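Only one chain is included here, represented as structure tokens and corresponding to the form deposited in one PDB entry.
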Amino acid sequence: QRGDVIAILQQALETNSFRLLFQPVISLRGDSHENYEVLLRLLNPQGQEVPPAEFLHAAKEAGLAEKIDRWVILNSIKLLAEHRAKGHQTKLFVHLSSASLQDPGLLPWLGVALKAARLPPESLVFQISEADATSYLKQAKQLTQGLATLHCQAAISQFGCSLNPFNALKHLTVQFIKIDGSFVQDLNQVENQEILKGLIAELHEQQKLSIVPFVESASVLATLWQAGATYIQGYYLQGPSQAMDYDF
């Protein structure tokens, strides 16, 4: 039970052997939109099961990651056109890797891609880890302006771990801030409640829309109400499915 996972990814792109899942994002302060996060899984060569963490790790590798990011975008748009066509007012969050964020030719590739899609506006929100972009701050700035231009949105995920996390946002064009898992633990404790309240209040003072992930029970879901959260995500609401079939 083993294999070169690089080669497996390279030969998965070669053959379009991937799938996309959709994990809805749920509005606590109104949004007409159907928001889903796009997640990626690998269709395994027949016997082999590539463990997810090892898969994701491999797919961050420079020059594999760009190709992969592009497959997701491309196919994300393809499906997104099939879907909205149904009259559906839908919006997809897509991940971008560190590599992609660095890749000067991305906004170009994306423009041409989006034309061929005749894709509705403000339907794509691009998502960047706070680490990738606290690091590549200038490339993230170029990219998020670039993205406004195309009538696209942008989000920082895993927000609030870094030193002074509000600083990087003075420099970006992002509407959403998906808070880090670490803030959504042991919420039954006040200090953790309070910590999450303040974090969320400051994002609101900065006119960002907060997204709180990892809602794993009904209770936490209440605390996120009084905390001010704008959106939530998790398995208690819905897990990642092959279809954008959530009843909002």
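Rigid core (definition): largest C-alpha set, two forms, superposition within 1.5 Å. Position 1 is the first residue in the sequence shown; the rest follow in order.
Quick note: we don't show the form deposited in another entry, though the next part is all about it.
Among the residues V215, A58, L40, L196, the single one whose Cα moves by at least 2 Å between this form and the one not shown, once the core is superposed, is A58. When the rigid core is held fixed, the Cα atom of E205 travels less than 2 angstroms between this form and the one not shown. Put the two forms on the same core and the Cα of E49 is off by 2 Å or more between this form and the one not shown.
In comparison with the shown form, the Cα-Cα distance of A62 and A131 increases by at least 3 angstroms in the other form. In the other form, the CA atoms of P104 and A62 move apart by 3 angstroms or more relative to this form.
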